[PDB]
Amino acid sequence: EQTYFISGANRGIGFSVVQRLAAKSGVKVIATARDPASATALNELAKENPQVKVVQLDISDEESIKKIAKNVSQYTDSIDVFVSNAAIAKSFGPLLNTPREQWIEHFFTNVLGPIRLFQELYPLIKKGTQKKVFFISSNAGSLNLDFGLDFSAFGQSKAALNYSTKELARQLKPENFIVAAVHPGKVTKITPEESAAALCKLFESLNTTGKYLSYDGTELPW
């Protein structure tokens, strides 16, 4: 049996990924929401598929991160595949029009949060078999793609997590970890369920660390 950790599973790509993993046999899923009590569809999935364990996590909240290791541990001794999917996208457009608060909130939720979350959960991941570590990033975070769009604090947060993900891939190569940053697509437009089907196949198959990948398995430049 394999255990997957997905942050931000209450909706979007995250929910579709949990819904996709719940169908697979022998996949325990630790699914997080800021507010489980309100996570109607996730909770109904967990009611039907007890493979699916729901836990609270606010990745902006250090006090929430300080508890995620012990709380995930109640449901599993190990994590095979870790997915940092929870993230905000609330700041686009020009630098001069981006208030301080937006830079900060993208930093805390999109950069420090995934990093702290990986720090807290690394031990559980070390004790797993797959040792796979995915940060759901964006093609917007690329330092070398031009979309002729301003991504402001959003893109800046994804470039930052990209930089530290590539560094992490190097640090955990000797421990036989697979680390990737993955663009889940434009949800050309695709549905969250399409994204999750592609993402899930990618999680399964990827067998080399340090990749910046799109959902379809092709590579993006950092």
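Residue numbers here begin at 1 and follow the sequence given.
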item	value
Continuity check for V187 and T188, given as deposited residues lacking coordinates between them	10 or more
Residue range whose averaged C-alpha B-factor is higher in the record, 64-72 or 154-162	64-72
Which of 204-212 and 19-27 has higher mean CA B factor, as the PDB entry lists it	19-27
Candidate set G141, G113, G93, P123 [ranked by C-alpha B-factor, highest]	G93
Criterion, highest CA B-factor; candidates, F147, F107, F118, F134	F147
Where the record places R34 (Cα B-factor, split into thirds across the chain)	highest
Third of chain Cα B-factors occupied by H183	lowest
Assigned third (lowest, middle, highest) for the C-alpha B factor of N85	lowest
B-factor third for the C-alpha atom of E193 within its chain	middle
Third of the chain, ranked by Cα B-factor, where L172 sits	middle
